[PDB]
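Just one chain is shown here, as structure tokens, and it is the form solved without its partner chain.
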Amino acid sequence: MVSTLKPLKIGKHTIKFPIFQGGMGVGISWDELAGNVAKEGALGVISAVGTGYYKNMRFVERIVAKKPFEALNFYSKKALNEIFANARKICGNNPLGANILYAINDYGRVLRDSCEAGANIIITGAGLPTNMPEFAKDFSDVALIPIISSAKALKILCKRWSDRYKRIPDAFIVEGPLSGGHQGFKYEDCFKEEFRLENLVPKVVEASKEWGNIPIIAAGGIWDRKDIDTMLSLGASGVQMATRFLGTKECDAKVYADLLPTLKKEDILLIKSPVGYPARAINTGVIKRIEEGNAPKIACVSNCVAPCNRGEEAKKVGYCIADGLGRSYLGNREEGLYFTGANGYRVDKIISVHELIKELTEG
């Protein structure tokens, strides 16, 4: 209960602790996880990606081959609505974020869906989101946070936003190459010291000065309070952590509770992705299937991302990301796709969200 960490303002919202739990798709950070995180005083973040899979396609208008049909059902507005409502059953009006990748043509639709669902903050990476306020203008209080890989991206985003909307972002998340999910770096760049998070945060904070010290949130490889204090000392206003929350009981993708305590370092790797960024995965499930020559059939049903071009890149790399992540949420251990930060092998026990926050904030 006693902490020396100080409350964090993001636009018009305040969170008790300067910690975000990073969004994780598909079905990893939904209502149980995000709700309990926000209940603890950190920022819970609901993933808006693949919400059609929620409760085994409870809220989709059409299913093909046990997949949500097209982007309208993959990014399901009614599913998102119920996920926010069920999270707020836990955390009340405590601030909640909605994480939405940029690499989708229906980006504005999902952004407005998140706003109408009750999100206080929109977080967007997997691209350079130069037009978030275009879609958020009916919702003045919703704070807008790009995820960036470099100080150059901060400067570009601030200039484009300022010139077009007379608004600049409410915060920036800089994500490094030790993160879960997709990386904002070429594979070769993920191993280079120049892109380590401790080197990115100083540059991004210095770039932020020019625009009035927009708060910076460091993400990628942050494990414990020592890492948090390191990032804060480098100028970051907060941290975003995901892998630690991937190992909590309240994770909405229950498979991880059985997968992580067995996870060995040598079974984490960077792979290719239809999204067009390296993805950090566990060497299990669909990956193993592909290497056996038992790859699931690929035929684009959910149309989840623009860079794939309705199956072109999925067929090239060998897997459909929507299919695999949805299968993981539904408990398919043989054909699921499973993601992790570099630190995933350090998960020994599955603990509660409350005990994790107590660890991260005590003192």
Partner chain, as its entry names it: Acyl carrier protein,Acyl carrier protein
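Numbering follows the first chain given and starts at 1.
The same protein has a further form, the form deposited with its partner chain bound, not shown here; the description that follows concerns it.
Of the heavy atoms in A117, none are within 4.5 Å of its partner chain in the bound PDB entry. At least one heavy atom of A153 is located within 4.5 Å of its partner chain in the bound PDB entry. Within 4.5 Å of any heavy atom of its partner chain in the bound PDB entry lies no heavy atom of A279. Its partner chain is not drawn, but in the bound PDB entry it has a heavy atom within 4.5 Å of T130.
Only one of the listed residues (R164, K209, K89, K137) places a non-hydrogen atom within 4.5 angstroms of its partner chain in the bound PDB entry, and that residue is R164. This chain appears without its partner; in the bound PDB entry, the one residue of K272, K159, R225, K249 with a heavy atom within 4.5 Å of its partner chain is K159. Of the candidate stretches 198-206, 231-239, 90-98, 145-153, only 145-153 has residues whose heavy atoms lie within 4.5 Å of its partner chain in the bound PDB entry.
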